[PDB]
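Given as structure tokens, the chain that follows is alone and in the form deposited without the DNA.
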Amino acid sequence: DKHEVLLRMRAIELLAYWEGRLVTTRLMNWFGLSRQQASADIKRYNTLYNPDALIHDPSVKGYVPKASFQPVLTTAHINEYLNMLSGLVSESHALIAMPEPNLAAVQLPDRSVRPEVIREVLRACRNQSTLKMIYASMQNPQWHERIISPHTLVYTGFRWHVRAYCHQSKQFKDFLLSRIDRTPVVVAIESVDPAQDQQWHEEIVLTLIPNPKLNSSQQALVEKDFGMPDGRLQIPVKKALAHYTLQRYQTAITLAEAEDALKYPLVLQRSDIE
């Protein structure tokens, strides 16, 4: 089964698992299917993908998941349900998306990343090319020339950057896409092998724990909030993405942050701080 069919199989699984009820009319409205094709899709799911996981409930005039029901196409993350609904309605321009009634999603609409920059940066990552561009940083906020060999575009959840060799500092660094003036241009200067970006290829395990300033009842709640399996979250990450992962989890890194236990219920275990 190819993309079209699988996306419908995925929608059947998600409606049943997260809503607890699947009616053909929802599938019809989502995909513009006939009632016949929608019914046949539910049959294919209940026959080929998740055998007898769905039970017709004539009362609720719909299908419900059996108590045995486990997803087979999706992970059991609620992220899967939000991603399905968001793909049916694009509102990436909105501060607050409303993919369906009774659901609001807080977004960060990004206007600052130009297509002409992405086009060049992505081509240079694919070609392992070198770029000449105009940049500004907090350290050096006057526009200046930079020569970079990019390997990977990165979305942090807040900002876009490219991981690139800087030919002046001879270091692998993170370059903000919002801070590139005009169109980068390809130059015939030898690029550095991305396999030499140690921080990028080296993995570390971050251990996040409930804030020690919380009482033990409050700590049990933090374990629940983060679905911690054994009183911690262990997150394997590339060294060069570790800082961004911690900010994505809103983890306390600093002493004054960890002191505000209500604001920062999650801290990085000290050994890892080093």
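One-based numbering along the sequence shown.
FYI, the form deposited with the DNA bound isn't displayed, but the following is about it.
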> Check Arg119, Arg123 and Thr130: does every one of them have a heavy atom within 4.5 Å of the DNA in the bound PDB entry?
Replying inline: no
> So which of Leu54, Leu241, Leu33, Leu214 reaches within 4.5 angstroms of the DNA in the bound PDB entry, heavy atom to heavy atom?
Replying inline: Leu33
> Considering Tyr63, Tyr49, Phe226, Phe69, which brings a non-hydrogen atom within 4.5 Å of the DNA in the bound PDB entry?
Replying inline: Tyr63
>> Only one of these stretches, 206 to 214, 244 to 252, 231 to 239, 37 to 45, has heavy atoms within 4.5 Å of the DNA in the bound PDB entry; which one is it?
In response: 37 to 45
>> I'd like to know whether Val23 contacts the DNA in the bound PDB entry, with contact meaning heavy atoms within 4.5 angstroms.
In response: yes
> Out of 45 to 60, which residues reach within 4.5 Å of the DNA in the bound PDB entry, heavy atoms considered?
Replying inline: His56, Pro58, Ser59
